[PDB]
Ligand SMILES: Nc1ccn([C@@H]2O[C@H](COP(=O)(O)OP(=O)(O)OC[C@@H](O)[C@@H](O)[C@@H](O)CO)[C@@H](O)[C@H]2O)c(=O)n1
Ligand SMILES: Nc1ccn([C@@H]2O[C@H](COP(=O)(O)OP(=O)(O)OC[C@@H](O)[C@@H](O)[C@@H](O)CO)[C@@H](O)[C@H]2O)c(=O)n1
């Protein structure tokens, strides 16, 4: 069993529901996952305020895949992931070989190739990240004023999503973490990295952007029009 | 004295059936290099605005300046270097052999292929270079940043709050830049990807100036589609 977890639990209307070429970003994203028959369930987690509106939007764009379920998101991004996990466990349980492909609702340009690679690398190695090589030199700062270090750019990668995990592995490593450890995370693959278990790399795409600021939405509107 | 070093070097010899190199390709009917150069021209603080370019492209650069009626005597076209930092040092050697280097000189280095920098960015670079001697133009990382030493598996995922996308300009006190460059071995030089790591390898500080999300580097066709959208929708306004 392969499960898809569309993360839309973050807070005009929230960015995930904004129109990209007369169509909510969430719909753009979800269409990619619908085309993959391998998914047992495609779960959209969203704030309680926006659950009925999400289901209205699905209806409005004539999407009625019974594989789709809308559930309530979490405190933080990782908590939303864990809510989707708890939903799967309390409705059909967790096989010890099940994987979940978590993906940002605001990353509507992921590709069929990206998803299929994610699922096969999760089946093989248990934890997967979607990245692209750093184009900018990457810099670090421990004070937001002066540089701390400038690593070898060759070893730096822009982390995207999907991020796909073995559900048992993800739950066990999340339980290993403290509340302080959890609070400093920014993605889900550091759950696995912090517990000293491997994370394979899948290559994303340069156009697999996160659409949150208005600048991003103009880039996304150009990517749509120019068929990128 | 404050100097601008527009980096348009390292363009390899190319056949005529390939489009023009990225620095010279048209963006809204204007070479990207000209878009970049216009911002520096508007700043009177600069004693010279030096464009370094491969030997093959010097005459074409000067034709291009003429074509867009650019006749600022502060602009000079010189031959670039073997690598990016070598191009910077060529600009330094030009400055020193034409005006000398005063100990209060700063140079504002910038990729010709980042045409969307702003007046704000350049001014902050100049003055932060005067105060702290070395400056990087960066933006807070939006993606989580990851490291891998084998292109297969992750080694580490640092705290994103401390990670930054390095952009340009990069601005230095010229003597400081020269001294720290002279300290480096050829191996160290070969592994650098920017100019601020010259200063960082020699354990001297580098101040941070915040850039802009549209201060993108135009190299791939994808970037040119993004850059045409930035132009059309007036997002650098
Ligand atoms: N309580 C919450 C908060 C947010 N969300 C969803 O999560 C998506 C991204 O959220 P956001 O746009 O704000 O970006 P983040 O700072 O969280 O980092 C992400 C970054 O790490 C990653 O894309 C990649 O880079 C790693 O490889 C959005 O769809 C939100 O709806 C959720 O479901 N519940
Ligand atoms: N012999 C050479 C080689 C390159 N150049 C110029 O350098 C510009 C960018 O070059 P390139 O697009 O190829 O990318 P780089 O690998 O050099 O990285 C840059 C990255 O570090 C920086 O933008 C930022 O991210 C860090 O803060 C281009 O205008 C080239 O003409 C030169 O004049 N002479």
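Residue 1 is the first one shown; counting continues down the chain.
In case you wondered, yes, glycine gets a Cβ from its N, Cα and C as well.
Quick look at what Swiss-Prot annotates:
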BINDING   A:7, A:8, A:9, A:10, A:74, A:75, A:76, A:77, A:78, A:79, A:80  CTP binding site
SITE      A:15  site 'Transition state stabilizer'
SITE      A:153  site 'Positions ribitol 5-phosphate for the nucleophilic attack'
SITE      A:210  site 'Positions ribitol 5-phosphate for the nucleophilic attack'
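Across the structure, residue A:153 (site 'Positions ribitol 5-phosphate for the nucleophilic attack') and residue A:78 (CTP binding site) place their CA atoms 28 angstrom apart. If you take the Cα of residue A:7 (CTP binding site) and the Cα of residue A:15 (site 'Transition state stabilizer'), they are about 12 angstrom apart, rounded to a whole number. Taking the Cβ of residue A:7 (CTP binding site) as centre and 10 Å as the limit, one finds 28 other Cβ atoms among all the protein chains shown. Contact annotation for chain B: of the listed recorded positions (A:15, A:78, A:80, A:153, A:210), A:153, A:210 place their CB atoms under 8 A from a CB atom of that chain. Counted over all residue pairs in A:7, A:8, A:9, A:10, A:74, A:75, A:76, A:77, A:78, A:79, A:80, the record's binders of CTP, the longest Cα to Cα distance measures 12 angstrom.
Among the binding-site residues A:78, A:80, the residue whose Cβ has the fewest other Cβ atoms within 10 Å is A:78. Unmodelled segment: 7 residues between residue A:11 and residue A:12, spanning 10 Å (Cα to Cα, whole number). In this structure, the recorded positions that sit close to ligand 1, with a C-beta under 6 angstroms from any of its atoms, are A:7, chosen from A:7, A:15, A:153. Cα of residue A:74 (CTP binding site) to Cα of residue A:15 (site 'Transition state stabilizer'): a distance of 17 Å. Taking a C-beta cut-off of under 8 Å and a sequence gap of six or more, residue A:9 (CTP binding site) has these contacts in its own chain: A:45, A:46, A:47, A:72, A:73, A:74, A:77, A:80, A:83. The recorded positions recorded for this entry are A:15, A:76, A:78, and the Cα of A:15 lies nearest to that of residue A:210 (site 'Positions ribitol 5-phosphate for the nucleophilic attack').
For residue A:76 (CTP binding site), no same-chain residue that is 6 or more apart in sequence has a Cβ closer than 8 Å to its Cβ. Just so you know, the Cβ of residue A:210 (site 'Positions ribitol 5-phosphate for the nucleophilic attack') picks up 18 other Cβ atoms within 10 Å once every protein chain is counted.
Taking the mean position of the Cβ atoms of A:7, A:8, A:9, A:10, A:74, A:75, A:76, A:77, A:78, A:79, A:80 as the CTP site, the remaining same-chain residues with a Cβ inside 8 Å of that point are A:45, A:73, A:81, A:83.
DSSP classifies residue A:7 (CTP binding site) as strand under the three-state reduction. For residue A:15 (site 'Transition state stabilizer'), the Cβ neighbour count at a 10 Å cut-off comes to 20, with all displayed protein chains included.
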